[PDB]
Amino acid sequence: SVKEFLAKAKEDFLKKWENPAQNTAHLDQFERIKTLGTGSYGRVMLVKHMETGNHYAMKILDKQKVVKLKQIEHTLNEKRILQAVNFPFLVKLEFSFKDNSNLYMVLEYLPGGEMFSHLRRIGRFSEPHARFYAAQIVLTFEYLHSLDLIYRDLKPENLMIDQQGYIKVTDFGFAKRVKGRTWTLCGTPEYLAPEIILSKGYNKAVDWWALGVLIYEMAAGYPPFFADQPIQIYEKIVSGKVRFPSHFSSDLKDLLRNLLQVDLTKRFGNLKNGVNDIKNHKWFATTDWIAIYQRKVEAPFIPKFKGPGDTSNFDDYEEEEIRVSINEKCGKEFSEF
């Protein structure tokens, strides 16, 4: 059963959560290929592991920059959680280590790129296509939430498309293991639940609100709340109003009214029946949850495969040096990394 599967998953997770893997590789074991992405977190570089010939996505954070951005605890959460989790729709953390200047998380590389690029280019996904992806996120949140983990940054930019056309969630920079409520203002403007904007204590229900934003954006081609500036986005989110494209099915609009629900006693994923209110919704009637988990469903889209190290699905970024100071920076802050 679902209860039994999650109980074994928790036993596996807790063993790693309580005794985290540390210092499992070194920078000199990898050949630098190209920058795949950048942000305030630092950068993600395509690398080749010489001993295996495998390609990986190496997330590199500058310790001093993490400290200035007040992201120490968040970065420790990201690495501690990633090394402990195991689910088909989560990107794997293969190695981690640090040096005098930087923190490194060597992740599974998905040459298929981010769902974001495909969604923007194609424009929108049909409902069966959006449902296929939505089902993987529902199962992933059922898994994460069962481990007391809140994800907090769901968006197409963080959903990688694998060689089989399935999803892999990446970027655990705001994930946190919390049993009670939490208060940090974090996430992406378009995806913030009203309780975050309003500075309330919040829980895992923010991930279910974010799922509503994602399904809408996938099926419409644009988010339910957009504007030129974040403040204007926040005004739309808290207004209690949402408009649907005329091509949205009645079942899709009903599911979205229940996910994009300001009232926490009414938001799907947050009620007595939990995730089953979503899994059992009419929009998901054709979804075979077990076949999705087992990856037996034919994917609606397979990204063009041009090799294990090809980067055609990624934008180009200015290449910067990976500098390693001769002096250890922020040793105490990142001691457990």
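Heads up: residue numbers just count along the shown sequence, starting at 1.
Looking only at CA atoms, which has the higher mean B factor in the entry: 86 to 94 or 233 to 241?
Mean C-alpha B-factor is greater for 233 to 241.
When the C-alpha temperature factors are averaged for each of 291 to 299 and 32 to 40, which stretch ends up with the higher value in the entry?
It is 291 to 299.
Quick one: which of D263, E78, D99, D207 shows the highest Cα temperature factor in the PDB entry?
The listed residue with the largest C-alpha B-factor is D263.
Going by the CA temperature factor in the PDB record, which third of the chain does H55 belong to: lowest, middle or highest?
Middle third.
For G180, return the chain-relative third of its C-alpha B-factor as stated in the PDB record: lowest, middle or highest.
As the PDB entry reports it, the C-alpha B-factor of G180 lands in the highest third of its chain.
Ordered by C-alpha B-factor within the chain, which third holds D254? Give me lowest, middle or highest, please.
Highest third - that is where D254 ends up once the chain's C-alpha B-factors are sorted.
Ranking the modelled residues of this chain by C-alpha B-factor as given in the entry, is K155 in the lowest, middle or highest third?
Lowest third of the chain for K155's C-alpha B-factor.
Ranking every modelled residue in this chain by its Cα temperature factor as given in the entry, which third contains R120?
Answer is lowest: the recorded C-alpha B-factor places it there.
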